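Just one chain is shown here, as structure tokens, and it is the form deposited in one PDB entry.
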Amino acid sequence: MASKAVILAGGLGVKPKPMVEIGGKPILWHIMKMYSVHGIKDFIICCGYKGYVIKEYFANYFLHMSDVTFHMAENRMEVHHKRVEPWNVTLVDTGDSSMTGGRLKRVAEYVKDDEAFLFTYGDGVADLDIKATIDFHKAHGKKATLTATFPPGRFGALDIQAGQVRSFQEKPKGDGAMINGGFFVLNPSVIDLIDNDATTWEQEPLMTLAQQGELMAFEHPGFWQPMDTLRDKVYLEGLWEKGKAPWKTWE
């Protein structure tokens, strides 16, 4: 079925958001690893402002990733502890100014003839069963599927009763309504809902789909973390450092 993952890496800026690291590696790579362990090895990167940074990275992938030896005499570069990644990574310049829907539209070409394809934000990691979501999408037959998740807390949480605060928790790990965690599974017709570069995916497209009854939610009550804040960064880095990263399911 679906075999390609489209990732958003444009927007604000410096380097692109997905280039921010964790454990010395761009978050973008962490997400690629997530898909890859779920058998998805074809990637399309929607680049924007500072995109070349992303290009340079992949163009010098091993140099970035490992220790090397330059055998000058032979004009050869030896990679130590080389860990090959059987990926196809397409880097598409999608516009310095495009919106999320716009970027997707831009890459239509690359997924236009697939049953379904995966699409996600370049800043969120999780221990999500990618395969599961695919099968789920196939099963429900809708045009689209999103991964619903519990968000990080950004404020001081309150347990109020009778005007009395029974309990107080500073930025707790989200426990009410699930939100858009990204990790979409989509049919290529969704692109038809995108008008142009200025289209924001989370706007008309998504609302319409929900509206049309064409949008399903795969609920993921488990680990999911976006990297928006420094606190996020630190949190994520700690997890990684401590050897306790729930999204790191690979060898």
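Note that the rigid core is defined as the largest set of C-alphas that superpose within 1.5 Å between two forms. Residue numbers run from 1 along the displayed sequence.
Coordinates are lacking for 4 to 9 deposited residues between residue 13 and residue 14.
Stretches 76 to 84 and 110 to 118 differ in mean C-alpha B factor, with the higher average recorded for 110 to 118.
Higher mean CA B-factor, judged across 217 to 225 and 192 to 200 from the recorded values: 192 to 200.
Taking the deposited Cα B-factors for 178, 157, 134, 91, the highest one is held by 134.
Highest C-alpha temperature factor among 141, 163, 124, 95 per the entry: 141.
In the deposited entry, the Cα temperature factor of residue 5 places it in the middle third of its chain's modelled residues.
Sorting the modelled residues of the chain by their CA temperature factor places residue 99 in the lowest third. Residue 71 sits in the lowest third of its chain by CA B factor, as recorded in the PDB entry.
In the PDB entry, residue 147 places in the lowest third of its chain by CA B-factor. Residue-level temperature factors show residue 23 in the highest third of its chain, judged at the C-alpha atom.
In what follows, reference is made to the form deposited in another entry, a form of this protein that is not presented.
Comparing the forms between the shown form and the other one on their rigid core, the Cα displacement of residue 162 reaches 2 Å or more. Residue 74 shows a C-alpha shift of 2 Å or greater between the shown form and the other one [criterion: core-superposed Cα displacement of 2 Å]. The gap between the Cα atoms of residue 74 and residue 86 is larger in the other form, by no less than 3 Å, than in this form.
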